[PDB]
>>> print(open('query17.csv').read())   # CSV, C-alpha atoms and all ligand atoms
chain,number,residue,atom,x,y,z
A,57,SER,CA,58.9,-38.5,135.6
A,58,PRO,CA,61.1,-38.6,132.5
A,59,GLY,CA,58.3,-37.8,130.0
A,60,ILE,CA,56.2,-35.1,131.9
A,61,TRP,CA,55.8,-31.7,130.1
A,62,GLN,CA,53.8,-28.5,130.7
A,63,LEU,CA,52.4,-26.6,127.8
A,64,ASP,CA,51.5,-22.8,128.1
A,65,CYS,CA,51.0,-19.9,125.7
A,66,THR,CA,52.5,-16.3,126.2
A,67,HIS,CA,52.3,-13.1,124.1
A,68,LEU,CA,54.7,-10.4,122.8
A,69,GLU,CA,54.4,-7.8,120.1
A,70,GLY,CA,50.9,-9.1,119.3
A,71,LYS,CA,52.1,-12.7,118.5
A,72,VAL,CA,51.7,-16.1,120.3
A,73,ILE,CA,54.6,-18.0,121.9
A,74,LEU,CA,54.0,-21.7,122.5
A,75,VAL,CA,56.2,-22.9,125.4
A,76,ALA,CA,56.9,-26.5,126.4
A,77,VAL,CA,58.7,-27.0,129.8
A,78,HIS,CA,60.1,-30.4,130.8
A,79,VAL,CA,59.0,-30.1,134.5
A,80,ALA,CA,61.9,-32.1,136.1
A,81,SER,CA,64.7,-30.2,134.2
A,82,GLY,CA,63.2,-26.8,133.4
A,83,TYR,CA,64.4,-27.4,129.7
A,84,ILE,CA,62.2,-25.4,127.3
A,85,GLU,CA,61.3,-25.4,123.6
A,86,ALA,CA,59.2,-22.6,122.2
A,87,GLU,CA,57.8,-21.4,118.8
A,88,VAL,CA,56.0,-18.2,117.6
A,89,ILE,CA,52.8,-19.4,115.8
A,90,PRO,CA,50.9,-16.9,113.5
A,91,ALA,CA,47.6,-17.6,115.5
A,92,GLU,CA,46.6,-19.8,118.5
A,93,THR,CA,45.7,-22.6,116.0
A,94,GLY,CA,45.4,-26.4,116.8
A,95,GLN,CA,47.4,-27.4,113.6
A,96,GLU,CA,50.4,-25.4,114.8
A,97,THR,CA,50.1,-26.9,118.3
A,98,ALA,CA,49.7,-30.4,116.9
A,99,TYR,CA,52.8,-29.8,114.7
A,100,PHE,CA,54.8,-28.4,117.7
A,101,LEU,CA,53.9,-31.5,119.8
A,102,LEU,CA,54.8,-34.0,117.0
A,103,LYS,CA,58.2,-32.3,116.7
A,104,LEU,CA,58.7,-32.3,120.5
A,105,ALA,CA,57.8,-36.0,120.9
A,106,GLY,CA,60.2,-37.0,117.9
A,107,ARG,CA,63.1,-35.4,119.9
A,108,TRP,CA,62.3,-36.2,123.6
A,109,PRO,CA,60.3,-38.9,125.5
A,110,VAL,CA,56.9,-37.0,125.8
A,111,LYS,CA,54.4,-39.2,127.8
A,112,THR,CA,52.1,-36.6,129.5
A,113,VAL,CA,51.5,-32.9,128.6
A,114,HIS,CA,49.8,-30.8,131.3
A,115,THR,CA,47.8,-27.7,130.2
A,116,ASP,CA,45.9,-25.2,132.5
A,117,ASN,CA,42.9,-24.4,130.2
A,118,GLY,CA,40.4,-26.0,127.8
A,119,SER,CA,41.8,-24.7,124.4
A,120,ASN,CA,43.9,-27.8,123.6
A,121,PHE,CA,40.9,-30.1,124.4
A,122,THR,CA,38.8,-28.7,121.4
A,123,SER,CA,41.4,-29.2,118.6
A,124,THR,CA,40.8,-32.3,116.4
A,125,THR,CA,44.4,-32.1,115.0
A,126,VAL,CA,46.0,-31.9,118.6
A,127,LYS,CA,43.9,-35.0,119.5
A,128,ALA,CA,45.2,-36.9,116.3
A,129,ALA,CA,48.8,-35.7,117.2
A,130,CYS,CA,48.4,-37.0,120.9
A,131,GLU,CA,47.2,-40.4,119.5
A,132,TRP,CA,49.8,-40.8,116.7
A,133,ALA,CA,52.7,-40.0,119.0
A,134,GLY,CA,51.3,-41.7,122.2
A,135,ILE,CA,51.0,-38.4,124.3
A,136,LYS,CA,48.5,-38.2,127.2
A,137,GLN,CA,47.0,-34.7,127.4
A,138,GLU,CA,46.1,-34.0,131.1
A,139,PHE,CA,44.3,-31.0,132.6
A,140,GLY,CA,46.2,-29.2,135.4
A,154,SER,CA,57.1,-18.0,136.4
A,155,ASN,CA,59.2,-19.3,133.4
A,156,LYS,CA,58.6,-15.8,131.9
A,157,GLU,CA,62.2,-14.9,132.8
A,158,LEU,CA,62.1,-15.9,129.1
A,159,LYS,CA,60.6,-12.4,128.4
A,160,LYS,CA,63.4,-10.6,130.3
A,161,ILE,CA,66.1,-12.6,128.3
A,162,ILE,CA,64.0,-11.7,125.1
A,163,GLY,CA,64.3,-8.0,125.9
A,164,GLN,CA,68.2,-8.3,126.4
A,165,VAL,CA,68.6,-9.9,122.8
A,166,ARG,CA,65.5,-8.3,121.1
A,167,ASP,CA,67.6,-5.7,119.2
A,168,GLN,CA,70.2,-8.4,118.1
A,169,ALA,CA,67.5,-9.8,115.8
A,170,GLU,CA,65.1,-8.5,113.1
A,171,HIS,CA,62.4,-11.1,113.9
A,172,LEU,CA,60.7,-11.9,117.3
A,173,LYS,CA,61.0,-15.7,116.5
A,174,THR,CA,64.8,-15.3,116.4
A,175,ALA,CA,64.9,-13.4,119.7
A,176,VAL,CA,62.6,-16.2,121.3
A,177,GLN,CA,65.1,-18.9,120.1
A,178,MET,CA,68.0,-16.8,121.4
A,179,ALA,CA,66.2,-16.6,124.8
A,180,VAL,CA,65.5,-20.4,124.7
A,181,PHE,CA,69.1,-21.1,123.9
A,182,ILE,CA,70.3,-19.0,126.9
A,183,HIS,CA,67.6,-20.4,129.2
A,184,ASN,CA,68.7,-24.0,128.4
A,185,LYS,CA,72.5,-23.5,128.2
A,186,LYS,CA,73.1,-21.3,131.3
A,187,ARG,CA,73.8,-22.5,134.9
A,188,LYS,CA,71.4,-21.6,137.7
A,189,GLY,CA,72.7,-18.3,139.3
A,190,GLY,CA,75.6,-18.1,136.7
A,191,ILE,CA,78.0,-20.8,138.1
A,192,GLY,CA,78.4,-24.6,138.9
A,193,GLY,CA,76.3,-27.8,138.3
A,194,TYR,CA,74.0,-28.4,135.4
A,195,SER,CA,72.1,-26.3,132.9
A,196,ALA,CA,68.4,-27.1,131.9
A,197,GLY,CA,69.8,-28.7,128.7
A,198,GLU,CA,72.2,-31.0,130.6
A,199,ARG,CA,69.6,-31.9,133.2
A,200,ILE,CA,67.0,-33.2,130.6
A,201,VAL,CA,69.7,-35.4,128.9
A,202,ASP,CA,71.0,-36.5,132.4
A,203,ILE,CA,67.3,-37.4,133.5
A,204,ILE,CA,66.6,-39.3,130.1
A,205,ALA,CA,70.1,-41.1,130.2
A,206,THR,CA,68.8,-42.6,133.6
B,57,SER,CA,82.7,-36.2,118.9
B,58,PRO,CA,79.6,-35.2,120.9
B,59,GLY,CA,79.0,-31.9,119.0
B,60,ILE,CA,79.6,-33.0,115.3
B,61,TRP,CA,76.7,-32.5,112.8
B,62,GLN,CA,76.1,-32.9,109.0
B,63,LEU,CA,73.8,-30.5,107.2
B,64,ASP,CA,72.3,-31.5,103.8
B,65,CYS,CA,69.2,-30.4,101.8
B,66,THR,CA,66.7,-32.8,100.0
B,67,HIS,CA,63.6,-32.2,97.8
B,68,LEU,CA,60.0,-33.5,97.7
B,69,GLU,CA,56.8,-32.2,96.0
B,70,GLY,CA,58.8,-29.1,94.9
B,71,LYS,CA,59.8,-28.0,98.4
B,72,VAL,CA,63.1,-28.0,100.4
B,73,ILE,CA,63.8,-30.3,103.4
B,74,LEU,CA,66.7,-29.1,105.6
B,75,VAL,CA,68.2,-32.2,107.4
B,76,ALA,CA,70.7,-32.2,110.3
B,77,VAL,CA,72.3,-35.6,111.2
B,78,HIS,CA,74.2,-36.1,114.5
B,79,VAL,CA,77.0,-38.2,112.9
B,80,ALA,CA,77.8,-40.5,115.9
B,81,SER,CA,74.1,-41.3,116.8
B,82,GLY,CA,72.3,-41.0,113.4
B,83,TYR,CA,69.7,-38.7,115.2
B,84,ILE,CA,68.0,-36.3,112.7
B,85,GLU,CA,66.1,-33.1,112.9
B,86,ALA,CA,64.5,-31.7,109.7
B,87,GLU,CA,62.3,-28.8,108.5
B,88,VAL,CA,60.5,-27.9,105.3
B,89,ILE,CA,61.7,-24.3,104.3
B,90,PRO,CA,59.6,-22.3,101.7
B,91,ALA,CA,62.9,-21.6,99.7
B,92,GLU,CA,66.6,-22.5,100.2
B,93,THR,CA,67.1,-19.2,102.1
B,94,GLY,CA,70.0,-18.3,104.5
B,95,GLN,CA,67.6,-16.8,107.2
B,96,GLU,CA,65.7,-20.2,107.4
B,97,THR,CA,69.0,-22.1,107.7
B,98,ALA,CA,70.3,-19.6,110.3
B,99,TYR,CA,67.0,-20.1,112.3
B,100,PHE,CA,67.2,-23.9,112.0
B,101,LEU,CA,70.8,-23.9,113.3
B,102,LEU,CA,70.0,-21.5,116.2
B,103,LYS,CA,67.1,-23.8,117.3
B,104,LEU,CA,69.3,-27.0,116.9
B,105,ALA,CA,72.2,-25.5,119.0
B,106,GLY,CA,69.8,-24.4,121.8
B,107,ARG,CA,68.7,-28.1,122.1
B,108,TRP,CA,72.0,-30.1,121.6
B,109,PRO,CA,75.7,-29.4,121.8
B,110,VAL,CA,76.4,-28.2,118.2
B,111,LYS,CA,80.2,-27.5,117.9
B,112,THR,CA,80.9,-28.3,114.2
B,113,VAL,CA,78.5,-28.5,111.2
B,114,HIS,CA,79.9,-30.2,108.0
B,115,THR,CA,78.2,-29.3,104.7
B,116,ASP,CA,79.2,-30.7,101.2
B,117,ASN,CA,78.8,-27.5,99.0
B,118,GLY,CA,79.3,-23.6,99.0
B,119,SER,CA,75.7,-22.5,99.6
B,120,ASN,CA,76.0,-22.1,103.4
B,121,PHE,CA,79.3,-20.1,103.1
B,122,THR,CA,77.6,-17.2,101.2
B,123,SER,CA,74.7,-16.4,103.8
B,124,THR,CA,75.5,-13.4,106.0
B,125,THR,CA,72.7,-14.6,108.5
B,126,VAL,CA,74.1,-18.2,108.7
B,127,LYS,CA,77.5,-16.6,109.5
B,128,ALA,CA,75.9,-14.4,112.3
B,129,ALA,CA,74.1,-17.6,113.6
B,130,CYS,CA,77.4,-19.6,113.6
B,131,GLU,CA,79.1,-16.8,115.6
B,132,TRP,CA,76.2,-16.1,118.1
B,133,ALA,CA,75.9,-19.8,119.0
B,134,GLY,CA,79.6,-20.8,118.7
B,135,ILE,CA,79.2,-23.3,115.8
B,136,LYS,CA,82.2,-24.0,113.4
B,137,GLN,CA,81.0,-24.4,109.8
B,138,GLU,CA,83.4,-26.8,108.1
B,139,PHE,CA,83.4,-27.9,104.4
B,140,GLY,CA,83.3,-31.7,103.8
B,154,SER,CA,72.0,-42.5,102.3
B,155,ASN,CA,69.9,-41.1,105.2
B,156,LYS,CA,67.1,-40.7,102.5
B,157,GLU,CA,65.5,-43.9,104.0
B,158,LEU,CA,63.7,-40.7,105.4
B,159,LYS,CA,61.9,-40.5,102.0
B,160,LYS,CA,60.7,-44.2,102.1
B,161,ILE,CA,59.2,-43.5,105.6
B,162,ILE,CA,57.7,-40.2,104.2
B,163,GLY,CA,55.9,-42.3,101.5
B,164,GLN,CA,54.5,-44.8,104.2
B,165,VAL,CA,52.9,-41.9,106.2
B,166,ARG,CA,52.4,-39.3,103.4
B,167,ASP,CA,48.6,-40.0,103.2
B,168,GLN,CA,48.2,-39.8,107.1
B,169,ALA,CA,48.9,-36.0,106.8
B,170,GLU,CA,47.5,-33.1,104.7
B,171,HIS,CA,50.9,-31.2,104.8
B,172,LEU,CA,54.3,-32.5,103.7
B,173,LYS,CA,56.0,-30.8,106.8
B,174,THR,CA,53.8,-33.1,109.0
B,175,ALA,CA,54.8,-36.2,107.0
B,176,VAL,CA,58.5,-35.2,107.3
B,177,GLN,CA,58.2,-34.8,111.2
B,178,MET,CA,56.4,-38.2,111.3
B,179,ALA,CA,59.3,-39.7,109.3
B,180,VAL,CA,61.8,-38.0,111.7
B,181,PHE,CA,59.9,-39.3,114.7
B,182,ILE,CA,60.0,-42.9,113.4
B,183,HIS,CA,63.7,-42.6,112.3
B,184,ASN,CA,64.8,-41.4,115.8
B,185,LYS,CA,62.5,-43.6,117.9
B,186,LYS,CA,62.9,-47.0,116.1
B,187,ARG,CA,65.6,-49.7,116.8
B,188,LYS,CA,68.1,-50.7,114.0
B,189,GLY,CA,66.5,-53.7,112.1
B,190,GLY,CA,63.3,-53.5,114.4
B,191,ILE,CA,64.7,-55.1,117.6
B,192,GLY,CA,67.1,-54.6,120.5
B,193,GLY,CA,69.6,-51.9,121.7
B,194,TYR,CA,69.3,-48.2,121.2
B,195,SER,CA,67.3,-45.9,118.8
B,196,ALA,CA,69.0,-42.8,117.3
B,197,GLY,CA,67.2,-40.7,119.9
B,198,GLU,CA,68.6,-42.8,122.8
B,199,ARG,CA,72.1,-42.9,121.3
B,200,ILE,CA,72.4,-39.0,121.1
B,201,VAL,CA,71.3,-38.6,124.8
B,202,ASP,CA,73.6,-41.6,125.8
B,203,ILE,CA,76.6,-39.9,123.9
B,204,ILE,CA,75.8,-36.4,125.4
B,205,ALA,CA,75.3,-37.9,129.0
B,206,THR,CA,78.9,-39.2,128.6
A,301,LIG,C1,48.5,-36.6,113.3
A,301,LIG,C2,49.1,-35.3,113.2
A,301,LIG,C3,50.2,-34.9,114.0
A,301,LIG,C4,50.8,-33.6,113.8
A,301,LIG,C5,50.3,-32.7,112.9
A,301,LIG,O1,50.7,-31.4,112.7
A,301,LIG,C6,49.8,-30.9,111.6
A,301,LIG,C7,50.1,-29.5,111.1
A,301,LIG,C8,50.4,-28.4,110.8
A,301,LIG,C9,50.8,-27.0,110.4
A,301,LIG,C10,51.8,-26.1,111.0
A,301,LIG,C11,52.2,-24.9,110.6
A,301,LIG,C12,51.6,-24.3,109.5
A,301,LIG,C13,50.7,-25.0,108.8
A,301,LIG,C14,50.0,-24.3,107.5
A,301,LIG,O2,49.3,-25.0,106.7
A,301,LIG,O3,50.2,-23.1,107.2
A,301,LIG,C15,50.3,-26.3,109.3
A,301,LIG,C16,48.9,-31.8,111.3
A,301,LIG,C17,47.8,-31.8,110.2
A,301,LIG,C18,48.1,-32.6,108.8
A,301,LIG,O4,49.1,-32.3,108.3
A,301,LIG,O5,47.3,-33.4,108.5
A,301,LIG,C19,49.2,-33.1,112.1
A,301,LIG,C20,48.7,-34.3,112.3
A,302,LIG,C1,72.2,-14.2,114.8
A,302,LIG,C2,71.1,-14.9,114.2
A,302,LIG,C3,70.8,-16.3,114.5
A,302,LIG,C4,69.7,-16.9,114.0
A,302,LIG,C5,68.8,-16.3,113.1
A,302,LIG,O1,67.7,-16.7,112.5
A,302,LIG,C6,67.1,-15.6,111.7
A,302,LIG,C7,65.9,-15.9,110.9
A,302,LIG,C8,64.9,-16.2,110.4
A,302,LIG,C9,63.6,-16.6,109.7
A,302,LIG,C10,62.9,-17.9,109.6
A,302,LIG,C11,61.8,-18.2,109.0
A,302,LIG,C12,61.0,-17.3,108.4
A,302,LIG,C13,61.4,-16.0,108.4
A,302,LIG,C14,60.5,-14.9,107.7
A,302,LIG,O2,60.8,-13.6,107.9
A,302,LIG,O3,59.5,-15.2,107.0
A,302,LIG,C15,62.7,-15.7,109.1
A,302,LIG,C16,67.9,-14.5,111.9
A,302,LIG,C17,67.7,-13.1,111.3
A,302,LIG,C18,67.2,-12.0,112.4
A,302,LIG,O4,66.2,-12.3,112.9
A,302,LIG,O5,67.8,-11.0,112.5
A,302,LIG,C19,69.0,-14.9,112.8
A,302,LIG,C20,70.2,-14.3,113.4
>>> encode(input="query17.csv", output="structure tokens")
Amino acid sequence: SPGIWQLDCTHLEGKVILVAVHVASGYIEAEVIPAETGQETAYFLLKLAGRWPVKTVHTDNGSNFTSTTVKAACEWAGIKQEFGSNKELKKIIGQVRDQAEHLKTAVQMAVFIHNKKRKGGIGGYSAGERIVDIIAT
Amino acid sequence: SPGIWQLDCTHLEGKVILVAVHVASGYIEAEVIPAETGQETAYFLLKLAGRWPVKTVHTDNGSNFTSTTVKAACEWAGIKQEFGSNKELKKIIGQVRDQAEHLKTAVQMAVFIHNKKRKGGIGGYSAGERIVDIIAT
């Protein structure tokens, strides 16, 4: 559906990367949070939903179900939190890592290349075009 | 054009709000930066360009032309920086300000409502639909 996302956390250089995947497009947004805090996750979701239709977020564990601020964010923005690979991100992060002082910069460079690039280098739509194409329809 | 943005800074409770406007849609993204630093502006632009086609950014003063990191961001992402109202944002910020501890949260609530809402309350497209509609074409 046009509003279905997947939310997962990954780890690099002792910091936390929050990753949202639009499941139908493979479009990603990500942020480095100082710790695995609710506030930061609530803030990330509010930003995401102001930008894209975000109707249902799927997570794989209990963490997001125990944050009072994530719950208030879900309600304010009208996001259903439901219970129940894309770390080629980390390969791209290694390719750029030394073009950037900060990890957060290298993550955003990785997200930029993930979203802009064509599948297998050539022809048809990038993840960033697919999400616009899906939402346009 | 589909890739034309406007970048301006505004101020509230002694902090800096970075605002990008997609000129053809009125779609906005914004962030509270600790100070009016280049790094923060470079980071904001890199994030923006990974999400939308960003071809030309117009600013009204010299500040962005004297940051080495904004310059490296422009080059990395392929953004032309060119020299040469939407603070109904601040009215919406006042309406939500007390639904949020942090200013950054109230800004994102304001951006969410700016982008989601219909012009004069009823009918035809929001700023968020317009930018997708323009980029789809
Ligand atoms: C209803 C709703 C929706 C979204 C939200 O995001 C936040 C937050 C946050 C945040 C992010 C990074 C750093 C820090 C810091 O203090 O260092 C805070 C809130 C909490 C509030 O503002 O009431 C919130 C609430
Ligand atoms: C080529 C290019 C493109 C985009 C970029 O963004 C940054 C940055 C930053 C930033 C934001 C918030 C907080 C802080 C902090 O240290 O407290 C830093 C850079 C600098 C680097 O990473 O080399 C950069 C470079």
>>> interface_residues(input="query17.csv", of="chain B", to="chain A", cutoff="8 Å", atoms="only C-alpha atoms", output="PyMOL selection string")
chain B and resi 85+99+102-103+105-108+174+177-178+180-182+184-185+197-198+201-202+204-205
>>> atom_distance(input="query17.csv", atom1="atom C5 of ligand LIG 302 (chain A)", atom2="CA of residue 69 (chain A)")
18.1 Å
>>> closest_atom_pairs(input="query17.csv", of="chain A", to="ligand LIG 302 (chain A)", cutoff="6 Å", atoms="only C-alpha atoms and all ligand atoms", output="CSV")
residue,atom,partner,partner_atom,distance
A:169,CA,A:LIG302,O5,3.5
A:170,CA,A:LIG302,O5,3.7
A:171,CA,A:LIG302,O4,4.1
A:174,CA,A:LIG302,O4,4.8
>>> atom_distance(input="query17.csv", atom1="CA of residue 158 (chain B)", atom2="CA of residue 126 (chain A)")
23.8 Å
>>> closest_residue(input="query17.csv", among="B:78, B:187, B:111, B:166", to="ligand LIG 301 (chain A)", atoms="all atoms listed in the file")
B:166
>>> residues_near_point(input="query17.csv", point="(85.4, -29.8, 106.7)", cutoff="10 Å", atoms="only C-alpha atoms", output="list in words")
residues 112, 113, 114, 115, 116, 136, 137, 138, 139 and 140 of chain B
>>> closest_residue(input="query17.csv", among="B:161, B:175, B:80, B:191", to="residue 57 (chain B)", atoms="all atoms listed in the file")
B:80
